[PDB]
A.B. asks: 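Take a look at the following structure, please.
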Amino acid sequence: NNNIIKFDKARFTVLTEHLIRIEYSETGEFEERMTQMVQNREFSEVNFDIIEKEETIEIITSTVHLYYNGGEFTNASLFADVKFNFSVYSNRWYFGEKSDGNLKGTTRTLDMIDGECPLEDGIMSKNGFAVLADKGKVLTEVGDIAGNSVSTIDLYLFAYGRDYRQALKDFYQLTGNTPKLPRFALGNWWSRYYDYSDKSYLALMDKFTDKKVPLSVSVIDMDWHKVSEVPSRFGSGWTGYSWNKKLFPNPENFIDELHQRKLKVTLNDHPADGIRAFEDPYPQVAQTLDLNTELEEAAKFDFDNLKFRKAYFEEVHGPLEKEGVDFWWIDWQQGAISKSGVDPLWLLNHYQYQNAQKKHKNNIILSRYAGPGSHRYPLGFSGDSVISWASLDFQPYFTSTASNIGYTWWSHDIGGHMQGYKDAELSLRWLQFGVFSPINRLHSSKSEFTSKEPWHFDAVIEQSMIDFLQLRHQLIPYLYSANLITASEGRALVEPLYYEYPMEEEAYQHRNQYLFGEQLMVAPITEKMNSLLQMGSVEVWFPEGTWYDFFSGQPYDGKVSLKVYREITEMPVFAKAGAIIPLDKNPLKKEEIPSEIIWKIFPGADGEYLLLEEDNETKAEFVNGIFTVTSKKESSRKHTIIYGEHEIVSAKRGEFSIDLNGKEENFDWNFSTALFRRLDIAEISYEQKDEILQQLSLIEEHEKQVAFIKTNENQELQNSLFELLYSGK
Amino acid sequence: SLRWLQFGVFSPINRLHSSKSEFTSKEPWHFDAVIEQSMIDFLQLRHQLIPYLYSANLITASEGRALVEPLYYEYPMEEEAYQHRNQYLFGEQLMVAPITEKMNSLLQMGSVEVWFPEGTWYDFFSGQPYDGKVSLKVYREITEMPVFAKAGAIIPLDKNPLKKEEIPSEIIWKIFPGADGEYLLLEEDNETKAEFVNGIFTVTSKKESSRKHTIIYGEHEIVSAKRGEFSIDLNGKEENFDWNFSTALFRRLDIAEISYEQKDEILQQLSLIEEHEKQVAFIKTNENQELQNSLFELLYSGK
Amino acid sequence: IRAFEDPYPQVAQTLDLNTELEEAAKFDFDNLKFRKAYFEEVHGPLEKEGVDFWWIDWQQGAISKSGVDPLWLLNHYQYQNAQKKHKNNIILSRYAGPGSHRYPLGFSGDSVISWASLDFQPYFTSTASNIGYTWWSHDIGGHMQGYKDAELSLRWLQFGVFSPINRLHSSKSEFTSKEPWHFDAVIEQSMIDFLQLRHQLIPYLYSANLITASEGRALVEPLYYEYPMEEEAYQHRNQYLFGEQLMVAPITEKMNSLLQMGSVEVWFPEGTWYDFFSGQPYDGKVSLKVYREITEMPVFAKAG
């Protein structure tokens, strides 16, 4: 290509104006094969300039000067200046050195993490550049490990400035797009490390139905297989591939019952102790792998070994798949050691994801993060988080930041995995976040005390959990459409604020705040409520424009940073004037695609929404007060229209256009009602409640209502009252 | 000592006195150069106020009106007039809210919650404006005292407080713009009426004298040392005081014993953010609660 | 020297740069031609306009192709170049390792404005004599960030007056000027008094300077240079000899508001000592806490 330049023992490939591959080869041969990370180096031709001398080369694009002075790559011989002024003297990359500015990415797991842990770098930087080292093995054409690259140094310099979305799109072009998820992945999952029987698991699935909680996925954790029944001469029962016949006497019939309830079924797989001589598949595996059965030779876990992988997929998983297991939960915690030097977690996710496509279209796994490019193998499984306010407070930041290395389908144990402390409000706050996260999978530890069942809790917590779990299914149309946008356009469902607002300092100062698809902005509450107010709070940054609480219609004039207060049953989620959000009208109804969609419109601006589905595209447009719905293909689907407060049209078939210029724009939300409710629940003096209600009702001028609350001795009560006055301004 | 002298100057009688200690002299030069200058300034102000005090004295003797009134004399039906115990009317034209608490060292300012009755009020010293009716915490450096006058207030001042003379040879008429007003200066041997009506300021007296009148309209000295009766039209003249948000903001941030990064962010954000409601939202997020109240006072006066 | 700069056309001609691709003359103090163009064609024109000496403010790391720290290359070559235009000329730059005392003055840089920073700085300054680096210039009052406290500013200036170099400097803040009249009348007068004292001390300082150059004696010595066998000479970290006739114990802690005085524990060696300012006498040998108003500094001289 004209986009390739060789100099001394180095090779430079200008992939985009903002992305340069940098290689070193001792042997004069450079690597064309794919790697664990890189799937594609075919990019459209771009313009750049070169200054090539006897001893030095300079490559010049719109955004970077890359310099190479010959010899081995050192911090002195290989370095780059960006053509940006985001910093005073952090604008230079030096080979092998770290600079300030990296917005971070993700890490393997939250196992044993109570609150924060360190993250790896991503490709996004406030200073406009990042280097992504390719240290992986080469692949063959069909995707097996081929050994060591002949490019013994192979780097990708990203110099996208603060065009983070383009950086991520081009990262997906280099490393491969995220595959499409199946719609079932986006519903509620039930999971618990608990020794259910077939009977008690079905009873619980039937109780969810009776309780009006919709589920898409039934997880069965490790007590599906033998555990205490494993003789100790074999080691533990952590790894298992044999049903516990007491609990599951007829596994296929049990899985058939979950399938009749329209559930997908996954089993926990702890692979590290392989297939030992007590296991039901051991005689077949022993025959295939020529094991010494009289010395009970184990088929040890070895995902570098083609014959082992084949026996694992065909003879260990295969029989369980025939019984109706839909996909695999790979729960790998036993380290990064293999003879090849490839992390066994990477070998599991890569080969198991590929194997899962044989039985079902667009199938998934559930496994931990295996490094850059491992987004090709959804879903992410963060693991054994400690049950704490601190863990919840980290998790939104964790989730949105992961988009910076393209890993956009994290599934967290909703409510936390293990250890930690009981607090029903923590459980409820965690579920609110989970509903507005990539995947909503309830899971817990082996404790008798950690079930995430809503009815574990009091009547208030129970009803709120059921409400949010129903909301998750209402959101599946929006989630599935965003999923197809991830797969086709390389846009994350969960974005940090700085993707949309890269030049706004406040977009970097609200770590737990994020965009959720294109129409919603979420600010989860991740701190225990103030008992004096009976409300939790978070500081929300409202960008320029008019924003509405998604639930209440409470309005906010951006741009402003404002502390917002919500009761434990309520979550801060916001939509702009002109937002159009589809919702399943029948979230409890078992059906492949919604028979009815609610179009929820926020007045005050034009807008539009494209609902992508398996077999259709439906465009909702709101222009000069006219709402129009059209689709590629016709269907019997019935559309409901909600304009602000009011249901305008109920269950109307086919394409149509309705004029909403006539209709009531304003939500009911009003200062006086909200004021009365905040004062009423507060655990403060009745004399203070009486004085605040009286004075805020009597005082007419907005500035004097604010002066009145400014004298209040309760500082947090001032901030709560200020939120209502700001919304009522 | 300095706060006490500020109160004393706006009290019925200003008598410095102390115990038999070697350490309790009320001499201004007992103290450091800052305290000394402020004490001298307030002690000079007391003599500037003698014309106003002597006139109120004759009103006590003849009409049975106190020089110092609780707020509830003027505002008997306002609950807030019973909730500001140290706040008072001082004659008919001034409202005083002495600071009687040690300064907050983080702000380098003391404070008191002031109730502003209905109407437009001005700091007597600075011209900082306040829209009543409101209860508002006000902050002052140790050298400054909260004293307020309504639009239309007319306060006479001795122009020569150090000059030993039985009656002032020169009076300053200090006028607060925005309303009509009047003031009757009662003296041993004279009555002098100052009237401010539809922007016309008039001075007349029972008896003639060689007294020279100076007129200060808001900020500006309009007429210097003019003899006898007269009338001058101030509709032409600049109504507004110099007091401005930006200057006062810079001064409060500059003296505060807070982080320079906080000072820089507040100055930048309050200068950039245009909408009053969003300037108030910005200060509402400040972690320093008393700094919020100080910044709120300036934003309220600048509204 | 990048393509927008006033000297770039001359530097581009000297270094054979590609001006139509706006090739920068990148910083490269290993390169003889770069150094020559930097001194003659970049600094030279500014020197002709009357610039007397160079403040090298290098913060961009220790990387060069040679393995020599670019800060060392700057101090070594710029000090040598500064002698061409003026006799006994200086630079102002950070410490570049042992031997870099040959290139005065030291420039310590971007200290945080705090009592903690001031409390470190006397110990920092006297201890530097132990590697022969005896001309540290600190940003007097602190450089950046930190907190406002007029008394910290005044204490810092008192130290600076009794330090190798008294250079007032500050951050880009609207709130960090070291002008004395930034402060109240008490702080202002005391700062003016100490700034006048610095000029009163120039004869003593210049004489000590010639003693550094000719006899290898530091202006600022730790107590243990004079009193190596006295345990207390190792236990008063901020106390130092200042030339041969003065012993300084700066106050580097906020005053006790009950006393309206700051304090420091002073070790008085054997002999009769006098406060330099007041004449208050002290009989050594003794360790004694001394108290001073914010406007006063503990500085002592022996009988004789």
Side-chain angles (χ1 to χ4, degrees), chain B residues 1-2 23-24 28-41 101-110 139-144 244-272 286-288 290-291 294-295, chain C residues 109-118 139-156 168-194 253-262 292-296:
Chain B
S1 304
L2 176 54
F23 295 107
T24 58
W29 37 88
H30 188 188
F31 305 105
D32 74 25
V34 168
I35 302 284
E36 182 183 359
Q37 186 63 60
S38 190
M39 285 186 173
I40 286 174
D41 292 352
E101 298 194 355
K102 193 169 188 44
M103 73 171 185
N104 177 338
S105 71
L106 290 194
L107 302 181
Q108 295 286 301
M109 298 182 71
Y139 293 77
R140 295 296 187 268
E141 302 177 32
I142 67 166
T143 57
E144 308 164 315
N244 64 95
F245 172 79
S246 287
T247 302
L249 176 64
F250 183 88
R251 177 60 178 174
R252 297 205 181 184
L253 291 177
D254 188 41
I255 70 178
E257 292 190 345
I258 64 174
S259 81
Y260 288 117
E261 302 267 87
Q262 276 294 302
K263 293 189 192 211
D264 294 341
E265 182 178 40
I266 299 160
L267 183 67
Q268 284 152 194
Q269 288 295 304
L270 287 181
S271 311
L272 188 70
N286 201 281
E287 283 281 79
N288 187 322
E290 280 297 293
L291 178 60
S294 174
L295 300 170
Chain C
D110 301 354
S111 66
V112 172
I113 303 156
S114 70
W115 280 104
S117 290
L118 171 53
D139 294 5
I140 301 305
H143 185 61
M144 60 186 194
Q145 303 174 338
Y147 280 84
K148 184 270 191 177
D149 181 336
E151 173 189 339
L152 169 58
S153 304
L154 176 54
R155 292 300 196 194
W156 215 319
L168 297 177
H169 183 49
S170 62
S171 62
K172 182 61 140 176
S173 180
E174 293 288 308
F175 295 107
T176 58
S177 173
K178 303 297 169 51
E179 289 161 81
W181 37 88
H182 188 188
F183 305 105
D184 74 25
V186 168
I187 302 284
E188 182 183 359
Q189 186 63 60
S190 190
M191 285 186 173
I192 286 174
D193 292 352
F194 276 95
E253 298 194 355
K254 193 169 188 44
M255 73 171 185
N256 177 338
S257 71
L258 290 194
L259 302 181
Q260 295 286 301
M261 298 182 71
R292 295 296 187 268
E293 302 177 32
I294 67 166
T295 57
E296 308 164 315

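Chain letters run A, B, ... following the sequence lines, proteins first, then strands; residues in each count from 1. Note: hydrogens, waters and symmetry copies are ignored here, and every other heavy atom, side chains too, is used.
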A.B. asks: Taking all atoms of both residues into account, what is the closest heavy-atom pair of B:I255 and C:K148, and its distance?
C.D. replies: O-NZ, 2.8 Å

A.B. asks: State, to 0.1 Å, how close C:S173 and B:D264 come at their nearest heavy-atom pair, and which atoms those are.
C.D. replies: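 In this case the closest contact between C:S173 and B:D264 is OG-OD1, 2.6 Å.
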
A.B. asks: Check whether any side-chain heavy atom of B:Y260 sits under 4.5 Å from a side-chain heavy atom of C:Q145, and report yes or no.
C.D. replies: no

A.B. asks: Counting only heavy atoms not in B:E101, do more than 12 fall under 6.0 Å of its CD?
C.D. replies: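 For B:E101, atom CD is not crowded (no more than 12 foreign heavy atoms under 6.0 Å).
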
A.B. asks: Between C:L152 and chain B, with a heavy-atom cut-off of 4.5 Å, which part of the residue counts as in contact: side chain, backbone, both or neither?
C.D. replies: neither

A.B. asks: Heavy-atom distance under 4.5 Å between the side chains of C:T176 and B:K263, does that happen here?
C.D. replies: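 No, their side chains stay 4.5 Å or more apart.
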
A.B. asks: To the nearest 0.5 Å, how far apart are CG in B:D254 and NE2 in C:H182?
C.D. replies: 3.5 Å

A.B. asks: Measuring heavy-atom distances to chain C, does B:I258 have an atom under 4.5 Å in its side chain, in its backbone, in both, or in neither?
C.D. replies: backbone

A.B. asks: Return yes when atom OH of C:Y147 has more than 12 non-hydrogen atoms of other residues, nucleotides or ligands closer than 6.0 Å, and no otherwise.
C.D. replies: no

A.B. asks: Return the OG1 to CG distance between B:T143 and C:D184, rounded to the nearest 0.5 Å.
C.D. replies: 10.0 Å

